[PDB]
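Sharing a structure here in structure tokens format.
Each chain gets a letter, A, B, C, D and E, in the order it is written, and its residues are counted from 1.
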């Protein structure tokens, strides 16, 4: 009846086992399970993610052991929070992380167990640092083809997620499926130390530790002189003369600005004499 | 044995997210769990772990319990998904260690020959690269005490892994990287004097406190020994650089020369080419 | 932010790569390159160096999935 | 045109651009191997036969 | 070895599986026993004894050979202008002796792909070491021996 676009709140702790357990299955595809709480129709949260045994014979719906979860939920009771299960996830490192033929067969089984059972995919390969990558989807019922086939209200959270549209075969699965919006509920307490732990460990280890003399400048002078004539022949090549040769051509970069910063490296590193000492 | 450890931000978060678990229900003590190490070599690495319900009474300061039904079967869980991952020890968020911590390691030595404990910090404050690591050995003592079991500090360092920087390094997004060669090295210099000379004053005041009170530590002897290794140059009045004086500017010899030589021709590249392309568009248009 | 965008294009594709054989330069911003398997691939060239190292026939490294000219 | 070189997209497997091919260059290269240019200024003594 | 089973990309071998290969190369022809017997030749009783001996003597009389140091014959050249009834007489002697018969021809060893009939003997004589006679019969040895 009434269906509203869902918003997925992921915890920074749940983001860990998505890429981490997925990295352990690389190259092969894994099968996980999502753990969280259903607040309402238009929003959903995943508060935890745990690792499930990887299948070396290929992913199947029987790869999830029911006594593995029954022993896990009991261990979650003695753990701080015993929250009910919600849905499943699987890695797909070998390709662009789209729902395979097994993923649709385990859909109607998991959506019978739990109401939503959001399908979540993840890939390591698409980037390293500055991209969300991952993936998510939710099955829209094929029996609804008799009814209105274009959910959801509050559109562009889908529509904008429908950008880039990610080639063809991916959105070729937009038949019988619709993706879901992933935003981050603020962990910033942990996220503030995530930046502090990362950059401090990357700043000279104490900031002190790190803080071929003339010879490095004799090797640099070959880049600061012998590179000049191959750079300064181009203005004489800009002289035609004049003018039979196709123009414009700009040879100014990148050596000029590199030798600039090359002195910026050597000047402030030589200031270590004046800085460290006295 | 264990020399240095590698703590990932992922496994350290597994201590931090459990601080939300039992932090809302309270009450006393801290977050404690069992550590799953990855040992490929003498250098120790940690990937994942599992947090276990744990409590330490005050009164009763020596009372501690792990849940070992949680430790046994959940090991067969992580072992089934990851064959390489095994328990190398335990951890906790400290911030400091009560004397009772001697008994936590000796109990679990049945699991691992040497269990390394990792003291972590949920709220970053000071003074630097956070958390901590200890190793369990027996040095006895020189004074003749019965055999003394005291955890020795293990240097901790953060490390990375493939595919784990996807979501981790994404959420910050506010950092400027880096920039190497201009600001990166100089900000360290301003801090190298700060963080270098603050521990200089903190220790020299505690070393003066020795004569006053708190003796032992005598230490002995490690304090003055490496301090005298720092004494290869003091450097005191005035700098004792008579041999390093002409050599001082002689290291700045070519650095200033090239900086004079590069800026001359870089100008010839910048000044000439700018004037050329400028007047070609400027005056030929009008 | 544009200097941060310079780290972006230099980040892609990082590792791994696959060898391929350059055939000819058809037009700007893209060129065709024969794969080591023999199948000629038409790939957008990288925006950094479009000219001097192109050459009529040369062995150029390509990315695994994208086969990108770098 | 037939026999001409064309680019190929991955997804729809269509032709993105048109590329110049070589068919006549194959033959003509073998034709320039056997003989140089040899114009009228490169020939002489046959004037009665030319 | 080879032939062992292994599962998809996991690359684990559960068991080492025999035997050798392949298809018709392993077994050239499967022959149970002919409908005729050695009694079907008239007037040849003089020259069938030499035939019947060399095949029969290594089986039943082998115990007498180790005592006297006798070596059984192996190859026998049976030739005559056709019809000589050679192929009927050969196979018929394998019916009463229980010997398993294998049908093979010389020109059958030539195929488009080089190195076929040559690899067959590597397989054929390997079964001659594995299996006990039985028997193997071939025809047109003169042509193929050119």
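We take it that a residue touches a chain if its C-beta (ideal position, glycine included) is under 8 Å from a C-beta of that chain, and two chains touch if they have at least 3 such contacts.
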Intersection of contact partners for subunit D and subunit E: A
Of C-D and A-D, pair with higher C-beta contact tally: C-D
Core chain by centroid distance, with centroids computed from Cα atoms only: A
Averaged-CA centre spacing for the pair subunit B and subunit A, given as whole angstrom: 26
Geometric centre distance via CA averages, subunit E-subunit B, whole Å: 78
Intercentroid distance (Cα basis), subunit E paired with subunit A, Å: 67
Inter-chain centre distance, subunit B versus subunit C - centres from mean C-alpha coordinates, in Å: 41
Every chain pair meeting the contact rule: A-B, A-C, A-D, A-E, B-C, C-D
Interface residues, subunit A side, partner subunit B - complex: 11-13, 15-16, 18-24, 26, 51-54, 68, 71-72, 75, 78-81, 124, 127-134, 184, 190-201, 203-208, 210-211, 213-214, 217-218, 220-221, 224-225, 228, 231-232, 235, 238, 248, 252, 256, 259-273, 275-278
Subunit C to subunit D touching residues, read off their complex: 24, 26-27, 30, 32, 42
Sites on subunit A touched by subunit E in the complex: 28, 56-58
Parts of subunit B lying in touch with subunit C, wherever the complex brings them together: 176-177, 179
Partner subunit A, residues of subunit E touching it in the complex: 7-10
